[PDB]
Each structure stands twice: as C-alpha cells, then as structure tokens.
There are 2 protein chains.
Amino acid sequence: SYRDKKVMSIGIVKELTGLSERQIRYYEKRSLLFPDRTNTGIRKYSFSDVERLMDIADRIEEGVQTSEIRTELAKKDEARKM
Amino acid sequence: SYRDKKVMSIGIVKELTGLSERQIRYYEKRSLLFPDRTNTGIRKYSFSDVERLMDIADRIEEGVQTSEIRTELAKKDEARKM
DNA sequence: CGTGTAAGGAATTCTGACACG
DNA sequence: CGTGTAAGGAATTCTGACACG
C-alpha cells in the first residue's frame, strides 16, 4: 500500500522524475494529478503520483497537450475500478 | 521496492509515527536506523525506516535501552540476508 | 501553451545546548 | 538516559508575475 501513500514533498519528486517544479506544479494545475497538502500548504506526493508524472512527461514529449493526456488518464481510472 | 526507498523528510515521519523529531533523530544517533541525506543535509526516510521506528518505540515503552534494541535489530538483519 | 526566472515571504529542518535525572 | 525547549541560521516550498510564443 506504500505505492499510493502521499509522503514526499516536491523536491524529492523533482529528483525522482527529473522534472522541474514548474512542470510538476503545472501538470497538477491541469488536473493531471492530485497531490495531498499539509496544513501548512506543502504538497505531498505518493510513489503512484511519481509514475503518473513520468507518463505525463512521456506524452508531453510526444507532442501531446495536457487536455489529451488528461483524457487518456481519465480513461485509465474507470478501468482500474473494474 | 517502494518500501525501502528513502523519500520522506522528518516531518512526514513525525506524523506517520507519532514520534517527536527529538526522539527520531536520537534513535538514529544511537544507530538504530540510518536515514539518507540530501546534499543540503535534510534527512530522508523510507517506509521501511518508518516501521523500524515503530519497533524501536515499542521496545522503548517496554523499558528497553537503545543498546538492547540496537542488538535486537542487529540480529534481525543477518537473518534477513539468509 | 508549456516552462523558465526573479521576488518576497512562510514553513521546515539542522545542530548544539541547557535541563532533569 | 531519553526527551523537551528555546536559538539562530540554512534550505524548501508556495504563489503570482513577466516572458516567448
């Protein structure tokens, strides 16, 4: 159950994903991932979010807009619940 | 492999374990766990360290000195490698 | 449209110490 | 011996903006 527990701040994610804080916080602004937040506002990510970020980055490179990606991901969640 | 990846700063550990930063940093000073460190000195813990902390706290409550605990844990590592 | 940067501040962690015991 | 606290500073994150495009 460790995979989905939100426990690592943005700095760690930046390293694990090789992405800038600008990119990471933006994808979230595009509703591509929903990190948790501490009462003091610091964003908390889980290992699952770390991978989600790598998928987003992959599609971004392949010249894909967040919207398209946002849809792709949406389709993947309904099936997971099945 | 998420279980052992060092990714969460002391604040998160404090919450997950209900232990004070004083206790956590001390157990490490007693060589009861070895957190990673970022180049900027911030300590990094893994889910495995989180559990290790709960075992330490458990024995501490049962009136056990870190030394004894340190030994108990030592014995558990050799067997794991087997 | 995705992303880089400088800006000012708010919250986090770190270390060594004094304390009691 | 394990742990609480105040102290001063160093590093982290957050947000909104200007930029190009």
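Naming: A, B, ... by sequence-line order, numbering from 1 per chain. Basis for what follows: all heavy atoms, side chains included, without hydrogens, waters or symmetry-related copies.
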- Answer yes or no: does a side-chain N or O of A:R43 lie under 4.0 Å from OP1 or OP2 of D:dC14? yes
- Task: For DNA chain C, determine which residues of residues 15-33 of chain A have any heavy atom closer than 4.0 angstrom to one of its atoms, and list them numerically.
- Result: A:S20, A:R22, A:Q23, A:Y26, A:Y27, A:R30
- Runs of at least three Watson-Crick or G-U pairs with DNA chain C, cut-off 3.5 Å: C:2-5 with D:17-20, C:17-20 with D:2-5
- Task: Would you tell me if any nitrogen or oxygen in the side chain of A:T40 comes within less than 4.0 Å of OP1 or OP2 on D:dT13?
- Result: no
- How do A:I10 and B:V64 order along DNA chain D: which one's closest nucleotide is nearer the 5' end? B:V64
- OP1 or OP2 of C:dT15 sitting under 4.0 Å from any side-chain N/O of B:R37? yes
- Item | Spacing between A:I42 atom CD1 and D:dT15 atom P, to the nearest angstrom | 11 Å
- Query: Do other residues, nucleotides or ligands put more than 12 heavy atoms under 6.0 Å from the CD atom of B:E15?
  - Reply: no
- Item | Within-4.5 Å side-chain heavy-atom neighbours: A:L16 and A:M8 | yes
- Note on the structure: Taken to the nearest whole Å, CD1/A:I56 to P/C:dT3 is 11 Å
- Item | Minimum side-chain heavy-atom gap A:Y27-A:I69 below 4.5 Å | no
- Determine, using the 4.5 Å side-chain heavy-atom cutoff (strictly less than), whether B:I42 and B:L53 are members of one ILVMFWY cluster. no
- Message: Looking at A:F34, is its backbone amide N or carbonyl O close enough to the side chain of A:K6 to form a donor-acceptor pair, meaning the two atoms are under 3.5 Å apart?
- Response: yes
- C:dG2 P sits how many Å from A:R70 CZ, rounded? 13 Å
- Task: Please confirm whether the backbone N or O of B:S46 pairs with a side-chain atom of B:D49, one donor and one acceptor, at under 3.5 Å?
- Result: yes
- Query: Taking the side chain of B:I60 as its heavy atoms from C-beta onward, which of D:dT12, D:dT13, D:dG2 lies nearest to it?
  - Reply: D:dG2
- How do A:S67 and B:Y45 order along DNA chain C: which one's closest nucleotide is nearer the 5' end? A:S67
- Just by modelled atom types, is the A:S20 backbone N or O under 3.5 Å from a matching donor or acceptor in the A:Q23 side chain? yes
- Query: In terms of heavy-atom contacts, does NZ of B:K5 have more than 12 from other residues, nucleotides or ligands at under 6.0 Å?
  - Reply: no
- Query: Out of C:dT13, C:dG2, D:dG2, which nucleotide sits closest to the side chain of B:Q65?
  - Reply: D:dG2
- Check the angle between the aromatic planes of B:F47 and A:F47 and answer parallel, tilted or perpendicular using the 30° and 60° thresholds. tilted
